[PDB]
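**Q** Here is the sequence, then the experimental structure:
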Amino acid sequence: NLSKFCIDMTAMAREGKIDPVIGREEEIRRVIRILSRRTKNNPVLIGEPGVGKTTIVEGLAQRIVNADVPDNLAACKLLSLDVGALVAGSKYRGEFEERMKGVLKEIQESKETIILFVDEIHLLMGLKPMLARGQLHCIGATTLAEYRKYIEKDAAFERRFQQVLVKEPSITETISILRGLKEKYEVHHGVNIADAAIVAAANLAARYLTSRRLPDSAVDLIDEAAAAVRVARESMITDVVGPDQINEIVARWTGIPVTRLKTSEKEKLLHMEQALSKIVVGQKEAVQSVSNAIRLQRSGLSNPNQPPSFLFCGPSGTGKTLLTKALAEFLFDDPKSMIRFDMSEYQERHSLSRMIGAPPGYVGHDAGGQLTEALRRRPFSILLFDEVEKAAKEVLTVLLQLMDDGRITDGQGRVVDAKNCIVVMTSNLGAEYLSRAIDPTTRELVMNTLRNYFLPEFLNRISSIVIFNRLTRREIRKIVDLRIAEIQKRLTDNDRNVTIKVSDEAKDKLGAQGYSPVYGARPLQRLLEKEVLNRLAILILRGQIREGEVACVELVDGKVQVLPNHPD
Amino acid sequence: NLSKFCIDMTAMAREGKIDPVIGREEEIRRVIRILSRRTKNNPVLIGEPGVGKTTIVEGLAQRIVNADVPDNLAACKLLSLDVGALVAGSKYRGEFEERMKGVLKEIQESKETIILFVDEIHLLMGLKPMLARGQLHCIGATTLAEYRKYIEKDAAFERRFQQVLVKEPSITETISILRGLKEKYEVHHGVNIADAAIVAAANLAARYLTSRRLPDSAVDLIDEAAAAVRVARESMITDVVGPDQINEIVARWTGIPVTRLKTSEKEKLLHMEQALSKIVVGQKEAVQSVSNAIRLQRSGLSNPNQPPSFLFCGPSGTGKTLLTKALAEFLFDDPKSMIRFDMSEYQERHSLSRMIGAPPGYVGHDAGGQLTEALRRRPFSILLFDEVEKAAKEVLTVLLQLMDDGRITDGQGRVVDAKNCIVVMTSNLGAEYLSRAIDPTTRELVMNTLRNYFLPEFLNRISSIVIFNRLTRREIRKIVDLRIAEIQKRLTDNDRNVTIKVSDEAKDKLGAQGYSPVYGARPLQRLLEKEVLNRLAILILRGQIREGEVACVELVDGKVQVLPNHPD
Amino acid sequence: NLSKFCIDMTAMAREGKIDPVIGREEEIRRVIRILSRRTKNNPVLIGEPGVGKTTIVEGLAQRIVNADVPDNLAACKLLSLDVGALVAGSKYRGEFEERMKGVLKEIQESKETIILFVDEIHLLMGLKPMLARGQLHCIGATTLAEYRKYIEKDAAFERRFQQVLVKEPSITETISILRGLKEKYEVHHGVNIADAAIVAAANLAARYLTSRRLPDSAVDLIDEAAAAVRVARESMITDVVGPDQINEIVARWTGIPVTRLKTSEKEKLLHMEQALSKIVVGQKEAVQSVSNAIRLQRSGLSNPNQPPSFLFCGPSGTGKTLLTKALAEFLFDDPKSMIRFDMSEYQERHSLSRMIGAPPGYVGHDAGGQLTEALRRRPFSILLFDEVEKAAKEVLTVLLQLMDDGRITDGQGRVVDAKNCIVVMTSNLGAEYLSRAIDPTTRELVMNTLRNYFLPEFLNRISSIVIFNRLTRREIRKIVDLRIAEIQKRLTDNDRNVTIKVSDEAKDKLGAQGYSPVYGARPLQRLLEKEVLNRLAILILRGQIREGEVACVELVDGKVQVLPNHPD
Amino acid sequence: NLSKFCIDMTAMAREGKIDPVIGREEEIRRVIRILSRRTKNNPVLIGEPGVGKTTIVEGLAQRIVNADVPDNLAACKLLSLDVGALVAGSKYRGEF
């Protein structure tokens, strides 16, 4: 028996050893149709890594062995290749090819019509199976990449193969197939599940694990997750899988407390400005506006195809970048979700390859376009593009393609999908009117400046064009108060606890200094940090300042100096 | 005997396993003739993917087997190795060349008259049987490009060969080819079809799926029909194929109602004004003008090789952009069928390289050809160009040499087809002559100030001469009403239902406001959108105007504002 | 039965033949969960070799035999595989392959469920146990490198498997392991120990960059030293192992003086500035800044993970290199701690990639990029960074990340951060701005320069910024005086021992001849060598000066000559 | 260590394979004090071709090796790089 590398799934059907799967049924009938297609019986699938496309094939074979398909196929048979154990059981070609030939005749002398499948089928190309004369029956499945690079290249294959593209799973239909596997899995150890828990878990892998992604793979991951959950429950403890544990485990996989996640994504929409003010202050109006706009996107009352768009028109120190990051965090629960891009790093036009990718005949195809790659990695994020006035107008047009539509394509045919992120932009090109005051006229005149800067349609993409304001004394004082709070935090990080006591005029002088004409107070932050921390730690380790005291931050002699309370 | 690599076509001829496509006899005659060419016996066929010139050589083999050939060719054995059949068993080029010799030994063994064929035969370049004086006979085919890449190089080989062009099959000929195939396939499936529906299908594959190539594509279609049958008939009585299933599949590959396909393409012609009005309003004169122009195009009474062209003189977006859009989505029935081109970037000579190309050894030539692949993939499309007068004069030169001839050279070295394109130049170089009201003088003033810009005959190959205007306040308000209508539509898209009640007062207000001498009020679209979307979504996420609750879009004190229905 | 070489660890457990190891319990529960599920029953241990890396499924078996394990898994029975024991049949797979064949079924003939251990199976395969579809239970112990090499490559491997993380058994936690193992090593060797002796042993072993991993070195050296003490005792002497013994043991194993084991590395960190001066002086701000910063990282008041980070400017090699080396010795008394890194090379991006590991393609798979290489091999080292502005921005971001306690996956995969390395960066051309004295003025311009050429947060997390001044006369004198004292000493190394007294005024002329406003302390050593060593050799081989003399050297006519005492 | 393209003029002096040139010695002091400067000590000689301005440069070096030096330039090394053959001989400017 030269089934040494194949076993019959249809047997397991007649042996009741494989469950069914749902979805793709129309595609199943598409398959069968092609299986009777005269010019090419043998189709090919295009599936993201190992969803269980196989399972689709076996549900097909199941309906078959349930006597429900055309006779030309109802009398057929299906094996399951181990392409590995062939390319691994033999040394190299020469005998691997010989084992092939050995099975082929047996296939050539199959007592009835039969089908095989080959996972990663492109393996055979990375030719020999040129005996396919119609009496042979196989299908394929891989990413568009391998299919293109190996089988799409072949003449006879093309003339004898059919793309069968599948698509990403969908939330509701997942929910369904989840309910489906629910029973068999509950049988697997004898405890049942909570429905809303499943719904949640699904949505958690949807909005989350945004790198560990879902050809329904991440679905099965939710599933094995629930499995581990019941195992914990296997170790009072009800029979149903509690949502609490769902959250605990998605956390233990990503590290976020459950509170940050059960916000309905709208409870946050009730206190966005709260959090932001708690972080950044100075353009509370811009805060409210951007919150409204992102709600529009989130409420979908706008075009459900134009992702949000924002440009900033102020200097740093105020919190612009601090805004961007705190925004993302409050909206995505991860700081690293930020992805930075410099238009100085893309003022070079030919860098479009590093931007999106390059044709395989370009040396830069070693990586491609890291931005598009992070896109492939990051559905849920916000994307940084600062000071475009130098950047290429063509990559700008690509940003457009994104904006008006929600996606672009690469250089290698691989289109992208960005229906879940936001573009953010910044400017500081209005330093002319930039003053400490409210004169929206000046704001409007800088707006005219930006209008004449570049293409008007580009403006017609930035919905709520927002501009900053030179930080008034009061808000500076507030940021310094938050600074001393940060210092007290860092102190309290351990049993080191001595009450910071900053003089008012100390802070006032600190700020009056720290307003750099350009760089903002971000330098002053680190400067005063050095100022304190140095003599602070000095008096700490030296015992000149000891625990349980008042860190009397004193601007003595018109300059901040950490006054100890004990000698050396 | 290493004759395995070839295949005796004449065998299956004897076994009758072959089914000849018909027509193209004269070409086969040409073949025979070159087979009598004592100088260069070996010809070379040249065609395109899909046409399977394999078909042709098989038909020649057919005329062999029935002894209906010139007896100088009677005993000739016609076989064909695959070059891939030797790319497989090759541990190195030497071993490649080893098997080459081995078979060639059997080959050079002059047992009886024998003739060979090789597909992609250029691949032998990248040869070994340059020893072939012509004591032997072979034949092959490939694209023009790699042929020029490889065979053009050697004097000997290129001289020994004869370049023959297969040519594109006639649509009427394809129907005849389908006929001869009909009974065969029907036997293969036990089905019947109406010849006329088949003709329709053919014409459909013609008008779409340009990715593929007739006729084998149309075959594929019929195969899919048989597939749907072999589902249905075996799932009163449903046994035959109507146009319905054809339509199902053309839709499944284009996503379009059979309505838009079951057209005959005459009523749409007779009623384009209807659709337009229901899309665009304000240039009825140009509407009917372009309508009759494209009618003349389809009438046949037009010049057989003069694709259309339409002058634009007016502000942008006012409908003319929307016009072009509607033109696409209604005539060719695809939005993307429009390909914009900003001549503002084509005011440079190197923009000729960037658009169509230049001699192959340049940097811009790779950007060029944007029209070439466009037409190849989209015959039925339109070519947008904006403010062309500023574009470099060689750009306008090559654009002309296209539009006149319906074909233009490219930097790659070829002249594309354009028999289904439409020329579009767009600007408002004299629109400022006008008020909100039509005077032929300002019209004639633009006539002069534009015919001057070039050869007025360069403007006199344009299919027409067309201007625009500044919309009447009343029809301004009309397109406003259109807007608010699509906005109420967007409202109804989500289950939140609220009645847009745009007061004629607010109507006039917004209209006049956004009405600007630059683009009319196209930016006002987004302006009023901000005016409404903002407030409505505010009250949506605040809980003020509930479902159904009115949105009286009313102008209060010179500032339109929706009265909050229920204050917070 | 093929119980030839496997080991059912249930026996070793029941008969107590296993020592109770503690630590890493989460992994125990988690792998239990892995065993329970249906999709990925079998995990694999990922990690470099180690007693802990080995003694894992042991403690699992112990929790098993103690009946504190899942019931559905309680029935299982331990097992393990021995590669070297089974492969003893032949050279290649061969009968050893048939040995694996014979043992495969053995679980099928196990009515009671069994659980096996097979590490390194990826070597045993990269195919056989494709039958692991629900019929067996096993685990392996390997590394992520070899995992990606063999197992990750097969999708089915994943589809049956997951990973596990054993990355870092903490230093204090390795000490805790040994705190438990105290009594066991006692009853083995029959010798008490002062726990703190083993503590410090482990601490220094950690400071000592051995290929042995953190607990690996611990078990190894502690148990061999216990064997040494137990054999020395039978041949005062109490059972308590002497701490001094272990101190000198490790001191000689590394070759570093036991003096490092003294000084507590605390007071030497308080009086560090003494040594700092005693190498080079003239920049009090340097010594104070860096010493207080390193004490700060030691005191943990700052971020307790990233070590302090420094950037400097001004002169070149005038002591900055000297500073690097001197500090390397101050911390660790070892030159190899210093690691060179040159930014003149890494201007290129592929240079960056090669500096950070190596993909399997595009480059030979080296163990890691020279930088990442050194980081992986040696965690107690010096991170030099010269003229970093020469390099490109991407590696700048890399080093930002690293400074912030960051780490990046490498070719081997493991991320590496400077857990105990010392980082520093350099700028230039400040001194040219720095006029004679230190001013405040120039430092503002140069710090703003640093800002506007780089990233503000990138300048954050940097300890401080210290610049120097062109060397004065006093300091020139001192540095050259100590230099020539070193000269005298290193020639005294040579048995020829003449004393050296030179004209301090000729020394003044010497330094003025030597010091440059550009290269400072770099050339003078060369100059002194040139003037001195050959004079010495000529005089000694000349007899004009022999031992017991004074190497009097005096300036004469702008020339300073080593005046002899015994002319020919 | 690609000094291969450059010759240690100072060595050649100490090698003594050179010819002691005279005249323009005040110019020697000129360029000497120039090199003593810190403002901009890197001068260019206004030189008509064919004057053997080379000979001048080498006279400079020769005096340099022999205590005829402002002590700041005690052990500076005048060397000689064939800039011409270096630049023009490169068929591709990248290697250049």
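**A** In hand now; what should we look at? Numbers count the residues shown, from 1 in each chain, chains lettered A, B, ... in the order given.
**Q** Would you pull up the residue in chain A closest to chain D?
**A** Residue nearest to chain D within chain A (C-beta to the nearest C-beta): residue A:363, separated by 15.5 Å. Every C-beta, even on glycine, is put in place using the N, C-alpha and C of the backbone.
**Q** and the gap between that residue and chain C?
**A** To chain C, residue A:363 is 9 Å away according to C-beta to the nearest C-beta, to the nearest Å.
**Q** With residue A:131 instead?
**A** In this view, residue A:131 and chain C are 25 Å apart by C-beta to the nearest C-beta.
**Q** tell me the SS of that residue?
**A** At residue A:131 the chain is in coil, as set by DSSP: H, G, I helix; E, B strand; the rest coil.
**Q** So for stretch A:186-201, what gets flagged as buried?
**A** A:186, A:188-189, A:191, A:193-194, A:197-201 (16 or more other C-beta atoms under 10 Å in any protein chain shown).
**Q** helix or strand for the closest residue to residue A:195 other than its chain neighbours, which one?
**A** Nearest residue to residue A:195 in three dimensions, chain neighbours excluded: residue A:179, at 7.9 Å (C-beta to C-beta, 6 or more residues apart in numbering or on different chains). Assigned by DSSP states H and E, residue A:179 falls within helix A:171-189.
**Q** what's the answer for residue A:233, then?
**A** For residue A:233, the enclosing helix or strand under DSSP H and E is helix A:217-234.
**Q** Need the phi and psi values for residue A:386.
**A** Here is the backbone geometry of residue A:386 (degrees, to the nearest 10): phi -110, psi 130.
**Q** got the contact list for the closest residue to it other than its chain neighbours?
**A** Nearest residue to residue A:386, sequence neighbours excluded (C-beta to C-beta, 6+ apart): residue A:426, at 4.5 Å. Taking C-beta atoms under 8 Å, 6 or more residues apart in numbering or on different chains as the criterion, residue A:426 is in contact with A:311-314, A:320-321, A:386-387.
**Q** Close to chain D: what parts of chain A are there?
**A** Within chain A, no position is near chain D by C-beta under 8 Å from any C-beta of the partner chain.
**Q** Nearest residue to the middle of chain A?
**A** With distances taken as C-alpha atoms, centre = their mean, residue A:378 lies nearest the centre of chain A, 2.3 Å away.
**Q** That one and residue A:336 touch, don't they?
**A** No. With contact defined as C-beta atoms under 8 Å, residue A:378 does not reach residue A:336; the gap is 9.7 Å.
**Q** Could you check how far residue A:238 is from residue C:256?
**A** 61 Å (C-beta to C-beta, to the nearest Å).
**Q** With neighbour numbers in mind, choose between those two.
**A** Higher neighbour count among residue A:238 and residue C:256: residue C:256, with 17 against 10, using other C-beta atoms under 10 Å in any protein chain shown.
**Q** Quick check on that one: phi, psi?
**A** phi -100, psi 140.
**Q** which residues does it contact?
**A** C:208, C:332-334.
**Q** can you rerun that using 10 Å?
**A** Neighbour list for residue C:256: C:204, C:207-208, C:250, C:332-334 [criterion: C-beta atoms under 10 Å, 6 or more residues apart in numbering or on different chains].
**Q** The stretch 451-568 of chain A against chain C: which residues are in contact?
**A** A:490-491, A:493-494, A:496, A:516, A:518-520, A:522-523, A:525-527, A:529-530, A:533-538, A:540-542 (C-beta under 10 Å from any C-beta of the partner chain).
**Q** hmm, which of the residues you listed are the buried ones?
**A** A:491, A:516, A:519-520, A:522-523, A:525-526, A:529, A:533-538, A:540-541.
**Q** hang on, the earlier thing: and the closest residue to the residue nearest to the centre of chain A other than its chain neighbours, how many neighbours does it have?
**A** In space, residue A:378 comes closest to residue A:210 once its chain neighbours are excluded; the distance is 6.0 Å by C-beta to C-beta, 6+ apart. Neighbour count for residue A:210, taken as other C-beta under 10 Å: 21.
**Q** Doesn't residue A:210 belong to a helix?
**A** No. Under three-state DSSP, residue A:210 falls outside any helix and is assigned coil.
**Q** Does it touch residue A:420 like I think?
**A** Yes. Under the criterion of C-beta atoms under 10 Å, residue A:210 makes contact with residue A:420 at 8.1 Å.
**Q** shared neighbours of the two, anything?
**A** A:332, A:378-381.
**Q** Which ones among the residues you listed map onto strands?
**A** Counting by DSSP state E, the part of the shared contacts of residue A:210 and residue A:420 found in strands is residue A:381.
**Q** Reformat the shared contacts of residue A:210 and residue A:420 as TSV; add distance to residue C:414.
**A** Formatted as TSV, the shared contacts of residue A:210 and residue A:420 follow (distance: C-beta to C-beta, whole Å):
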residue	distance to residue C:414
A:332	28
A:378	24
A:379	28
A:380	28
A:381	26
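**Q** Among the shared contacts of residue A:210 and residue A:420, name the buried ones.
**A** Of the shared contacts of residue A:210 and residue A:420, these count as buried by 16+ other C-beta under 10 Å: A:332, A:378-381.
**Q** Not counting its neighbours along the chain, what's nearest residue A:520?
**A** In space, residue A:520 is closest to residue A:317, 1.9 Å off (C-beta to C-beta, 6+ apart).
**Q** can you count the residues close to the closest residue to chain B within chain A?
**A** Per C-beta to the nearest C-beta, residue A:33 is where chain A lies closest to chain B, at 3.8 Å. Using other C-beta under 10 Å, residue A:33 has 20 neighbouring residues.
**Q** hang on, isn't the residue nearest to the centre of chain A packed against residue A:332?
**A** Yes. Counting by C-beta under 10 Å, residue A:332 is a contact partner of residue A:378 at 9.1 Å.
**Q** list residues touching both of these two?
**A** Listed as contacting both residue A:378 and residue A:332 by C-beta under 10 Å, 6+ apart are A:210, A:338, A:420-421.
**Q** what sits against the closest residue to residue A:345 other than its chain neighbours?
**A** Counting by C-beta to C-beta, 6+ apart, residue A:345 lies nearest to residue C:393, which is 6.5 Å off, once chain neighbours are set aside. By C-beta under 10 Å, 6+ apart, the residues touching residue C:393 are A:342, A:344-345, C:400, C:454-455, C:458.
**Q** Among the residues you listed, give me the pair with the biggest separation.
**A** A:344 and C:400 (16.5 Å; C-beta to C-beta).
**Q** Could you check which of these two is surrounded by more residues?
**A** More crowded of residue A:344 and residue C:400, by other C-beta under 10 Å: residue C:400, with 20 against 12.
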